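A.B. asks: The structure under discussion is supplied below as structure tokens; questions concerning it will follow.
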Amino acid sequence: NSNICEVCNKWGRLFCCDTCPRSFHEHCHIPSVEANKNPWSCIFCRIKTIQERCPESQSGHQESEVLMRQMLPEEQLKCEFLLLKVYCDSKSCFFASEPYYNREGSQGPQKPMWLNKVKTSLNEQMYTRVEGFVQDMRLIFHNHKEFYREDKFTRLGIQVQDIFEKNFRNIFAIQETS
Ligand SMILES: [Zn+2]
Ligand SMILES: [Zn+2]
Ligand SMILES: [Zn+2]
Numbered sequence: 701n702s703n704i705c706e707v708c709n710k711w712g713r714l715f716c717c718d719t720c721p722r723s724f725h726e727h728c729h730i731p732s733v734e735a736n737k738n739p740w741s742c743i744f745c746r747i748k749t750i751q752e753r754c755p756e757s758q759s760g761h762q763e764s765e766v767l768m769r770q771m772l773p774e775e776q777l778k779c780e781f782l783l784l785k786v787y788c789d790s791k792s793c794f795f796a797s798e799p800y801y802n803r804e805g806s807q808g809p810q811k812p813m814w815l816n817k818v819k820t821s822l823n824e825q826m827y828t829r830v831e832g833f834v835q836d837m838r839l840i841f842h843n844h845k846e847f848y849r850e851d852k853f854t855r856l857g858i859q860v861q862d863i864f865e866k867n868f869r870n871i872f873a874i875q876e877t878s
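For the sequence shown, the deposited numbering gives the first residue as 701, with consecutive numbering after it.
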């Protein structure tokens, strides 16, 4: 197995996947690595299994249909994995914890949002459809773009949104377009 966490790329107290060489800190894995379970399969393996069991799940889909899906166990897992893929990028640090807004010439957003809040929300089964999760994730980046205006720091929102959107299209097998 790897000797660094797959998400944060640091060593420490790591849990090893039994079906692939990935390793994780307890709370870097989403969901948090489970107490017992020998063997244990990580989220990457669990997602691969879903795809392998239903190869047709990789044919293209319309985003509008995906968003209306209820959060049954497989859709719950897919959103957990999508959230984890964002945390895997080091630029996610900027969006992880609760922001505050005090900049001359800008007003804070009406509805602040951050990754750890989305994480808690998923853990607590607060989203009934994929749409709820996706709206909160997109809101993180939209709030950032709006607040930072022409400061070059706005680009961090663009960058992390692009990681989100690429992984959304991959995980949910969104139909490719130009
Ligand atoms: Zn980690
Ligand atoms: Zn694995
Ligand atoms: Zn099938």
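No residue lacks a Cβ here, since even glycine has one placed at the ideal position from N, Cα and C.
#1: Alpha carbons only, please: which of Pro812, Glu780 and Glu804 is nearest the one belonging to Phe795?
#2: Does any heavy atom of ligand 1 sit closer than 8 Å to the C-beta of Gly712?
#3: Distance check for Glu734 and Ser797, CA to CA, integer angstroms please.
#4: Would you please state the rounded distance, in angstroms, between the beta carbons of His725 and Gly712? I believe it to be under 8 Å.
#5: When every heavy atom of ligand 1 is checked, does at least one fall within less than 8 Å of the C-beta of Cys708?
#6: Determine the burial state of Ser723: buried for a count of at least 16 other Cβ atoms within 10 Å of its Cβ, exposed for fewer.
#7: What number of angstroms, rounded off, separates the C-alpha of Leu783 from the C-alpha of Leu815?
#8: What are the start and end residues of the alpha helix (DSSP H) that includes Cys793?
#9: By DSSP's criteria, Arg769 is part of a beta bridge. Which residues make up the other side?
#10: Output yes or no for whether 9 Å exceeds the beta carbon distance between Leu767 and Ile750.
#11: Does the beta-carbon of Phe744, which I'm using as the reference point, lie nearer than 8 Å to any heavy atom of ligand 2?
C.D. replies: Result, derived from the coordinates:
#1: In terms of Cα proximity to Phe795, the closest of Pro812, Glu780 and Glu804 is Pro812.
#2: yes
#3: 24 Å
#4: 6 Å
#5: yes
#6: buried
#7: 8 Å
#8: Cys793 to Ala796
#9: Answer by DSSP bridge pairing: none, since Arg769 is not bridged.
#10: no
#11: yes
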